[PDB]
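K.L.:
Here it is: the structure, laid out below.
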Amino acid sequence: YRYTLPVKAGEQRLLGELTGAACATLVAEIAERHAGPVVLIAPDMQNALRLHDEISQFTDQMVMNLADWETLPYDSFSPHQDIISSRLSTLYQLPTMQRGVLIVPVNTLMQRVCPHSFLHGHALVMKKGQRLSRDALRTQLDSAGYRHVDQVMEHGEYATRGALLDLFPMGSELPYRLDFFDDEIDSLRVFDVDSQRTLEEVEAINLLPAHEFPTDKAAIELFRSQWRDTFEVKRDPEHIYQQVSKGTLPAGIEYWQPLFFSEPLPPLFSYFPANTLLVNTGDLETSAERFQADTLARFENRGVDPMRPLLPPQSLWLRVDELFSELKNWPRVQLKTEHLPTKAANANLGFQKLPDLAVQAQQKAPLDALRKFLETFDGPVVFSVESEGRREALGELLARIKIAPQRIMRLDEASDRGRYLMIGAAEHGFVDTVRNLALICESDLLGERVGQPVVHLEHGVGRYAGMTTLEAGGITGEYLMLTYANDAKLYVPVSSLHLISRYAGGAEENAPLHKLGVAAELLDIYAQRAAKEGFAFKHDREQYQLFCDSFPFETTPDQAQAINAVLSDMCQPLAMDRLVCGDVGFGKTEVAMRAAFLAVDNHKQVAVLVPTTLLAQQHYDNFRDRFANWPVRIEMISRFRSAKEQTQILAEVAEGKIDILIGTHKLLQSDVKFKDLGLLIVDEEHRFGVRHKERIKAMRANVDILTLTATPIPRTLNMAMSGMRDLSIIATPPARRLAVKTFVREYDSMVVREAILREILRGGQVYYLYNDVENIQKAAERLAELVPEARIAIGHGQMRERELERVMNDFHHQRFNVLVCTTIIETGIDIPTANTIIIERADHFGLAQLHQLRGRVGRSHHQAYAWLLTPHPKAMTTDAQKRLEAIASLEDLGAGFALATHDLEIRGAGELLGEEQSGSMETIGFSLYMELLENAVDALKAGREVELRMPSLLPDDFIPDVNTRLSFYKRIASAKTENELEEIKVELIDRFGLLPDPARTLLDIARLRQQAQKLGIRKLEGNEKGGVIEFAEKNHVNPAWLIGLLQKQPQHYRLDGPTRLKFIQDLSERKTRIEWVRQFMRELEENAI
């Protein structure tokens, strides 16, 4: 094609011009026409994973990585032998492979592996008619290195029961049972780890050794001999000599691998088949050198502690000279993104970078660049979307420019004038000018980043109050007198004028003055919701089965049980009030998604409420992905959405066309009116408070409230445990969640650097919580210097939305590892790749907050740490010590509920009938609460703007019971005549006596609104400083008289807009404001036309 392939001893083939996301397609092309393996030598482990997700998009060849030890050179952690099973297995198939791509970083390629005589000397194939005794096979496995257990579940274990020998080989991912008979294998049956029953029978099966070093007694004797040969022995039962002599293995024993063989570990280049074709990326002379330097530095730093000494780095890792001498034994194709000028063994491939394509809502036409680019491109263009739901997010996005991309499976299918789309992890696009093809990825539509007050510094802020003469012991001196708070006079000598500075806050008339030197509403809501019957959802079996099939996991028995309880409760006439309190990351969201699917199948406009914008966006993405194959409309509302589209969303929701609306506190602002609400889902309830939780409940009395959380606030936890609300605990798998490690250390730069470098070398991402927007810029800048290897961004909710959104989006796409963040990431942002969180100052954080932050790491098969940096402990407050010792005391999966029940009964449950969820508060007992609720329910069953910034209500001391209060509210608000308002007033006086000031203000506000409704003033406002009259489209104000008022008092009447009239009045008193407004409106209506 465009270039030949290198087939010789060590010849090179340098290809240039390959832009981003071009090396992947080039590797895919090479692997499809080379009759042999391709070993892709990535320059960095991170990059390797990237290619593993890109090449697999463009080809069908077996693209697989080489599982490296997840630890660090000379670390103190085992490789978690499961990974070892993924490593030996490859090493067994690697000498004999004919087609496929094997991806190795420089870190793993520079490592040395076992001699392969341990591979095909400890590894077996067992057929049906094997004349091998029971004990012979048992000792065979024991010498191989298997562990004798009785409940074999994982890799490298076997169990025996008489004639039933069941072993889990490291060749396959499933165990097998032999069912011996007469010292012969009768059956070779695979049995499940969960059901313990046979699925089928395999004629021949392969098994691999437990570890990468021999473990039998002869191996231990050889290890001891090599140890006494190389190092020196110390009599101490933790020294890794007398610790391996006993029989157990130290933590990081894998770096003492050469001691078990008595033969040098080959460079792994012997493992490649005869004809491989190494494909490079970036450069190796730099990455290999950096890895060698880091390994040598860590060997010198850790070549101490004579107990557990370290081997030379040349006995475990190839020298860079050895690596680059051994790379000359294979042909190589070097993919680099630069213009290679001209020569043989050198080619250029037109892969220009994509033109300026971006989307922005600022202009009238957002897709201007796209619409103009797709018109003037003669060749094909293929969009690349990472997810299936994302495809829709890009399919209706291109519908505005009248283009429907036909989907293709391989890039070769692109016709000449074709707009196509494909799914894969491609990040950036290109313009292959050679065939005039174009690839446009999802990130190529975003672009780049887008009486005078006086201050005296000694004391504070006072009010200048003139000059005075004062005697001071026979000396009369002149002073300037300042009146601080509480009329405390301070006399500054006129000579000392320089400490008297002018106020700088721009609030000369709003400056401070330093000192020198709910039960009813909640009861009624509970009674109303417990009085009537909620919607009885209708459940479809097979149609919901498809939605279940859409889930790419298996619900763990506890998550499935919570799901069943939720659906069973929704399918009842009673209103569902439930809690889903399970530990973080255990699939809590999916239960809510299933409940939402059940509700929306009956057209009930599920409403999701999350206490942060990032949760809103993440749940929007997740819900859109899951519901990417149903006729359900999902929309997000928050401050991120513009003011022009938020109104559109509200109109759509009120119309009844958006069936899922995910929103922050905006959902409770009284302007979010649902057409037909039947399901609410409050996620992370412990960051809302009682008011926000029942605000929506009051409007839709019988809505079914689903409540998800990990650490409930004590009030709602006691409420659930006492039976007021149903409870569902999810403390179980997801399978490969791993026991987030907790370390409570005093702050240290070396600790932070070590943790960040450990995470970076793993390829993950680090959370670095600072939680102070003022100094977060300085903190991130300082961390950038502390760890130059890391890429650092800043993320918090106090910067502009278009910036925070893009920064968080970039963090998803691995554009940087460390993200110095505030507590905005405490609410449940998933980001599976992030598995190390560093809290700079954790002393001042609640147990719930600390556990939630610790729950952000992990979320996957990886081992995740959680460092909680603290100041010097004596400086910490006692409660900080208690909370830190409690949080570090509980490091287990499912511990989020024990911690919640500790935070309750340490802080105590709050007022059950009121606010203040956390605290003793001397709350009323549950027996009393149920009695009052039943009493209110029974009493209710046999039943059934001119705002002036002043209280206008019926106080509790006026009308104790709630139902009477609500009835009179309805009667006053619905009264359409002053006569009926007077009747209500007389009824109030008859039944309760004197009218409090709030009651009289409410009644006269009702009267004023009644007058204004007839007149035409839609919104008459007032504050202490004045007010605004907002007339209607067709008001009844006499124009000539209005102009007369304007020209007689310009200062008190100013038209600012078509219908907004600002009046400025020093309305200090509520009564005076009421009467001034009364007379203003009266003189208005007398002239009404």
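K.L.:
For segment 739-804, what does the relative contact order come out to in percent, with C-alpha contacts under 8 Å and a separation of six or more? Spell out each step's value before the answer.
P.N.:
Values: 28 pairs, mean separation 18.0, N = 66.
Result for segment 739-804 is 27 percent.
K.L.:
Another question about this same structure. Please list, or write none, the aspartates and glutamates whose alpha carbon is within less than 13 Å of the alpha carbon of residue 675, excluding same-chain residues fewer than 8 places away.
P.N.:
In chain and number order, the partners are 652, 655, 659.
K.L.:
Just the number, please: percent antiparallel of the DSSP beta bridges in the chain, rounded to the nearest 5.
P.N.:
Numbers: 53 of 129 bridges.
If I count the DSSP bridges inside the chain, around 40 percent turn out antiparallel.
K.L.:
Hey, can you grab everything whose amide H is under 5 Å from the amide H of residue 16? Only 5+ residues off in sequence or another chain; H modelled, so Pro and N-termini drop out.
P.N.:
For residue 16, the qualifying residues are 340, 347, 348, 349.
K.L.:
Right, another one. Per q in 0.13, 0.16, 0.19, 0.26 1/Å, what log10 I(q)/I(0) does a Debye calculation on the alpha-carbon atoms of segment 1027-1089 return?
P.N.:
Normalising to I(0) and taking log10 leaves -0.35, -0.54, -0.77, -1.36.
K.L.:
Which shape class applies to segment 197-247: rounded if a/c is under 1.5, otherwise prolate when a/b exceeds b/c and oblate if not, where a ≥ b ≥ c are the square roots of the Cα gyration tensor eigenvalues? Could the numbers behind the result be given before it?
P.N.:
Values: a/c = 5.19, a/b = 2.89, b/c = 1.80.
It is prolate, given that a/c is not under 1.5 and a/b is the larger ratio.
K.L.:
Going 7 Å from the Cα of residue 1076 along its beta-carbon direction, which residues of segment 1017-1040 have the amide nitrogen within less than 16 Å of the resulting point?
P.N.:
What the label zone holds, given the 16 Å backbone N cut-off, is 1020-1029.
K.L.:
May I pose another question? Determine ³J(HN,Hα), in whole Hz, for all residues of segment 993-1001 in sequence, where each value follows from phi through the Karplus function 6.51 cos²θ - 1.76 cosθ + 1.60 and θ = phi - 60°; x replaces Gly and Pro.
P.N.:
Couplings: x, 4, 9, x, 4, x, 5, 5, 5 Hz.
K.L.:
Can you list residues whose amide H is under 5 Å from residue 147's amide H, if they're 5+ apart or on another chain and H is modeled 1.01 Å from N?
P.N.:
Those lying under 5 Å, H to H, from residue 147 are 157, 158.
K.L.:
A further question follows. Do the sum for the chain: with -39,500 (n - 2.57) for every DSSP H run of n ≥ 4, divided by all residues, what is the mean residue ellipticity at 222 nm, to the nearest 500 deg cm²/dmol? Each step should come with its number before you reach the end.
P.N.:
Details: 32 runs with 367 residues, N = 1089.
That calculation yields -10500 deg cm²/dmol at 222 nm.
K.L.:
How much length is gained if the chain between residue 307 and residue 4 is pulled fully straight, taking 0.36 nm per residue apart and subtracting their Cα-Cα distance, in nm to one decimal? If you can, show how the numbers build up before the last one.
P.N.:
Details: separation 303, 0.36 × 303 = 109.08 nm, distance 5.53 nm.
Length gained between residue 307 and residue 4: 103.6 nm.
K.L.:
Given labels modelled 7 Å from the Cα in the Cβ direction, how far is it in nm from residue 812 to residue 1064?
P.N.:
5.0 nm
K.L.:
Suppose every K and R has +1 on its Cβ and every D and E has -1 on its Cβ; what is the size of the dipole of segment 1005-1046 about the Cα centre, in Debye to the nearest 20? Walk me through the numbers on the way to the answer.
P.N.:
Details: 7 positive and 4 negative charges, 39 e Å.
In debye, rounded to 20, segment 1005-1046 gives about 180.
K.L.:
Once phi is turned into ³J(HN,Hα) by the Karplus curve 6.51 cos²θ - 1.76 cosθ + 1.60 with θ = phi - 60°, what whole-Hz value does each residue of segment 17-25 show in order, with x for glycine and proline?
P.N.:
Each residue of segment 17-25 in turn: 6, 6, 7, x, 6, 9, 4, 5, 5 Hz.
K.L.:
Rounded to the nearest 0.05, what FRET efficiency is calculated for residue 786 and residue 572 with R0 set to 56 Å and r the Cβ-Cβ distance? Intermediate values should be presented prior to the final figure.
P.N.:
On the way: r = 57 Å, r/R0 = 1.02.
Using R0 = 56 Å, I get an efficiency of 0.45.
K.L.:
Apply 1/(1 + (r/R0)^6) to the Cβ-Cβ distance of residue 297 and residue 777, taking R0 = 30 Å, and write down the FRET efficiency to the nearest 0.05. Intermediate values should be presented prior to the final figure.
P.N.:
On the way: r = 31 Å, r/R0 = 1.03.
Result of the calculation: an efficiency of 0.45.
K.L.:
Can you sort 469, 555 from fewest to most other Cβ atoms within 10 Å of each residue's own Cβ?
P.N.:
Listing 469, 555 from fewest to most nearby Cβ atoms yields 469, 555.
K.L.:
Tell me whether the chain comes out rounded, prolate or oblate; compute the Cα gyration tensor, take square roots of the eigenvalues as a ≥ b ≥ c, and use a/c under 1.5 as the rounded threshold.
P.N.:
Details: a/c = 1.85, a/b = 1.81, b/c = 1.03.
Note, shape of the chain comes out prolate.
K.L.:
When ranked by the protection proxy of mean other Cβ atoms within 10 Å per residue, highest first, what sequence do the peptides 703-710, 433-440, 23-30, 131-138 form?
P.N.:
Peptide ranking by packing, descending: 703-710, 23-30, 433-440, 131-138.
K.L.:
Moving on. Say a paramagnetic label sat at a point 7 Å from the Cα of residue 921, along Cα to Cβ; which residues of segment 864-903 have their backbone N under 20 Å from it?
P.N.:
Only 900-903 pass the distance filter.
K.L.:
Taking the Cα centre of the chain as the origin and placing charges on Cβ (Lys, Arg +1; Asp, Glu -1), which of 406, 926, 825 is farthest toward the positive end of the dipole?
P.N.:
406
K.L.:
Now for a different question. For the peptides 874-880, 353-359, what is the packing order when you average, over each peptide's residues, the other Cβ atoms within 10 Å and list the highest mean first?
P.N.:
On the way: 874-880: 11.7, 353-359: 14.4.
Output ranking for 874-880, 353-359: 353-359, 874-880.
K.L.:
I want to check the label-to-label distance for residue 997 and residue 928. Put each point 7 Å from Cα in the C-beta direction and report it in nm to one decimal.
P.N.:
Between residue 997 and residue 928, the simple spin-label model gives 3.0 nm.
K.L.:
If you don't mind, there's one more thing I want to ask. Count the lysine pairs in segment 493-625 whose Cα atoms lie under 26 Å apart, taking only pairs 8 or more positions apart in sequence or on different chains. Show your work: numbers first, answer last.
P.N.:
Details: 532/604; 538/588; 538/604; 588/604.
For segment 493-625, the number of qualifying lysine pairs is 4.
K.L.:
Between segment 344-394 and segment 1050-1085, how many Å separate their Cα centres?
P.N.:
Each part reduced to its Cα centre gives a spacing of 58 Å.
K.L.:
Then there's this: List the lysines whose alpha-carbon lies under 22 Å from that of residue 1062, not counting same-chain residues fewer than 8 positions away?
P.N.:
Those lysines meeting the cut-off are 1014, 1019, 1025, 1034, 1048, 1071.
K.L.:
Now for a different question. Listed highest first by mean packing, meaning other Cβ atoms within 10 Å per residue, what order do 933-942, 213-222 come in?
P.N.:
213-222, 933-942
K.L.:
For the residue pair residue 392 and residue 182, what label-to-label distance in nm results when each label sits 7 Å from Cα along the Cα-to-beta-carbon direction?
P.N.:
Going by the 7 Å Cα→Cβ label model, 6.3 nm.
K.L.:
Using each residue's phi in segment 301-313, evaluate 6.51 cos²θ - 1.76 cosθ + 1.60 at θ = phi - 60° and report the 3J(HN,Hα) Karplus result to the nearest Hz, with x for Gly and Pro.
P.N.:
For segment 301-313, the Karplus curve yields 5, 9, x, 10, 6, x, 7, 6, x, 10, 6, x, x Hz.
K.L.:
Which trypsin sites (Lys or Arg not before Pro) does segment 70-121 hold that lie in a coil by DSSP with at most 16 other beta carbons within 10 Å? The partial results should precede the final answer.
P.N.:
On the way: sites: 87, 99, 112; in loops: 99, 112.
Answer by residue number: 99.
K.L.:
Right, here's the next one. Okay, which of segment 82-98 sit inside 16 Å, backbone N to the point 7 Å along the Cα-Cβ direction of residue 861?
P.N.:
Hits in segment 82-98 for residue 861 at 16 Å: 82-91.
K.L.:
Quote the charge dipole size of segment 775-910 about the Cα centre in Debye, to the nearest 20; the model charges only the Cβ of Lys and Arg (+1) and of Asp and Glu (-1). Each step should come with its number before you reach the end.
P.N.:
Working: 15 positive and 17 negative charges, 44 e Å.
Roughly 220 debye for segment 775-910.
K.L.:
Under the rule a/c < 1.5 gives rounded, and otherwise a/b versus b/c splits prolate from oblate, where does segment 734-865 land using the Cα gyration tensor?
P.N.:
Rounded is the answer for segment 734-865, as its axis ratio a/c remains below 1.5.
K.L.:
I've got another one for you. To the nearest 20 debye, what charge dipole does the chain have about its Cα centre, counting +1 at the Cβ of each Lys and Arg and -1 at the Cβ of each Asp and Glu?
P.N.:
2140 debye
No value in this document is a laboratory result; all are computed from the given coordinates. Note that we place each Cβ from the backbone using ideal geometry, even for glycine, and neighbour counts take in every protein chain shown.
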